[PDB]
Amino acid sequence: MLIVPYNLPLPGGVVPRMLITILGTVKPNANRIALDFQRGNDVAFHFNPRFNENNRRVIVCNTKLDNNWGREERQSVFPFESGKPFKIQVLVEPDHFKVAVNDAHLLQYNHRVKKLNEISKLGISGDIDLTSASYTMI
């Protein structure tokens, strides 16, 4: 297993048609997972499955600019289960990140950070065993 938190460099940033694939297994009794697409210290796209927010499961997405979190986007569809292997695919498209989990479309997140070619790292953290993190141009 990869060491978590894990930093995957994204050389020259992201671009439409870049597909990022994360394979891992949720820990038993997980509380949270995060994918952070970073532009330096800014987080262009935070994808945050929360396993227990007031005894509900939700995905929170947001952007962090100059150390401040913005307006959350929430998705109640929650495909992750404690103990189970998952695949997250993040396809960069011209206006959004498009996320599929286990081959099913989950959500899209509109680009708030405009300089896609400066979003040069993906941080992967939280309550998983991380199997692999990779990208390809489709």
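Numbers follow the displayed sequence, beginning with 1.
Engineer: Got a sec? Mean C-alpha B-factor, which is higher, 50 to 58 or 37 to 45?
Structural biologist: That would be 50 to 58.
Engineer: Highest Cα temperature factor in the entry, among the options 92, 30, 100, 113: which one is it?
Structural biologist: The C-alpha B-factor peaks, among 92, 30, 100, 113, at 30.
Engineer: Should residue 26 be placed in the lowest, middle or highest third of its chain by the C-alpha B factor in the entry?
Structural biologist: Residue 26: CA B-factor falls in the middle third of its chain.
Engineer: What third of the chain, by the recorded C-alpha B-factor, contains residue 126?
Structural biologist: Highest third of the chain for residue 126's C-alpha B-factor.
Engineer: Splitting the chain's C-alpha B-factors into thirds, which one does residue 77 fall into?
Structural biologist: Within its chain, residue 77 is a highest-third residue by C-alpha B-factor, going by the deposited values.
Engineer: Among the chain's modelled residues, which third holds the C-alpha B-factor of residue 67?
Structural biologist: CA B-factor rank for residue 67: highest third.
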